[PDB]
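Residue numbers (the entry's author numbering), protein chains in the order written: chain 9, 343 to 349, 387 to 512; chain 7, 508 to 672, 676. Structure record follows, encoded as structure tokens.
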Amino acid sequence: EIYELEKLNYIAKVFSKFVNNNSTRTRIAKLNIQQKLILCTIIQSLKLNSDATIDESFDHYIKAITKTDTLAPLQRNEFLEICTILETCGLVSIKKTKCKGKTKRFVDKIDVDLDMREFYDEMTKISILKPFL
Amino acid sequence: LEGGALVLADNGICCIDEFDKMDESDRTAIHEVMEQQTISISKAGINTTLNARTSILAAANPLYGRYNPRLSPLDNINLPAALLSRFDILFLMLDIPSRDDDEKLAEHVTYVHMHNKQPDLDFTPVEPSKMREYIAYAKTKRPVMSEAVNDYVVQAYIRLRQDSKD
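Here is the structure:
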């Protein structure tokens, strides 16, 4: 019907839907240079391999941005919207995981589909994240 | 009572070549006229004060001659925090070898060693008397800051203090 719509061609059409953002279209997701900064900020918080909250990420985001003054520290509410820009492209997923203090209480743990090998290529082209590593 | 180099040069430029080659006795007297223009000396000869409005120009080199990128600048510079904290402008005139920019310095030194004339740019170098007269005419001016520049000054100072405040 594609040759009716235009009045293994399609398997070629369907696999590029799935393979990309890690090799090429990562920078498509982060046209904002701060979105590049906030993406490395998540991985620096992943050293403490814990329930990666949006606050503990915001903790490491402030305490690094006071050391290197690349930008002003932004809001948590801004930090809410910017990580959702990272979300809709399909890079990082957010789930409401478990903490069992009072009830089944839902803090948000993130997870990234990128590796440091596919990170280090796209950051050496920008020496402004080079203070942050 | 004989005198040094800070007393015959009262109102002007006092320069120091090889700043790190001096001692503590020179530094304690240089920092005293660097903070405020009055020197006071109380020795077996006299206990007196004297003023000397001077502008300190200093030329220094690091600990190992040249710089070190693996070393911090607080460790590269042997001067203490109170000395360069009083210094508002410090110029890190560092040389970096390049391919394109070194040729202009080489062309300029061969042009001034070929003859005394300067390069053929569309500008003429002014003689010492005219800008000496301009400096003497500009020195009587007393500028007053506005409020629109005041709100930019305090915001830049707050941001610089927070950025500087490792």
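Note that the Cβ used here is the ideal one computed from N, Cα and C, for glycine as well.
With a threshold of 8 Å between beta carbons, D448 (chain 9) makes contact with chain 7. Comparing C-alpha distances from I422 (chain 9) to each of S402 (chain 9), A443 (chain 9), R404 (chain 9), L410 (chain 9) shows the shortest one belongs to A443 (chain 9). As the crow flies, the alpha-carbon of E497 (chain 9) is around 31 Å from that of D670 (chain 7). Per DSSP, the unbroken alpha helix (DSSP H) holding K611 (chain 7) starts and ends at 608-621.
Flagged as an interface residue toward chain 9: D676 (chain 7), by a C-beta distance shorter than 8 Å.
For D670 (chain 7), the nearest beta carbon of chain 9 is closer than 8 Å to its own beta carbon. Sequence-distant Cβ neighbours of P569 (chain 7) in its own chain, meaning closer than 7 Å and more than five residues away, are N583, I584.
As the crow flies, the alpha-carbon of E634 (chain 7) is around 17 Å from that of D627 (chain 7).
According to DSSP, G519 (chain 7) shares a beta bridge with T561 (chain 7). In the three-state scheme derived from DSSP, where H, G and I count as helix and E and B as strand, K392 (chain 9) is classed as helix.
In the three-state reduction of the DSSP assignment, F485 (chain 9) falls in the strand class.
Boundaries of the beta strand (DSSP E) harbouring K475 (chain 9): 471-478, taken from the DSSP string.
The region 551-558 of chain 7 makes no contact with the region 588-606 of chain 7, as fewer than three CB pairs between them are under 8 Å. For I444 (chain 9), the uninterrupted alpha helix (DSSP H) run begins and ends at 435-444, by DSSP. Judged by DSSP secondary structure, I344 (chain 9) falls within the alpha helix (DSSP H) whose first and last residues are 344-347. DSSP places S592 (chain 7) inside the alpha helix (DSSP H), whose first and last residues are 588-593.
A contact is defined here as three or more CB-CB pairs under 8 Å, and the region 554-565 of chain 7 fails this definition with respect to the region 604-611 of chain 7.
Judged by beta-carbon spacing, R406 (chain 9) lies within the 8 Å limit of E501 (chain 9), meaning their Cβ atoms are closer than that value. Residue environment analysis places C462 (chain 9) among the buried positions, since at least 16 neighbouring C-beta atoms fall within 10 angstroms of its C-beta. The DSSP-derived three-state label of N428 (chain 9) is coil.
Contact between the region 484-499 of chain 9 and the region 524-538 of chain 7 is absent: fewer than 3 CB-CB pairs across the two stretches fall below 8 Å.
Secondary structure note for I642 (chain 7): its alpha helix (DSSP H) is the uninterrupted segment 635-645.
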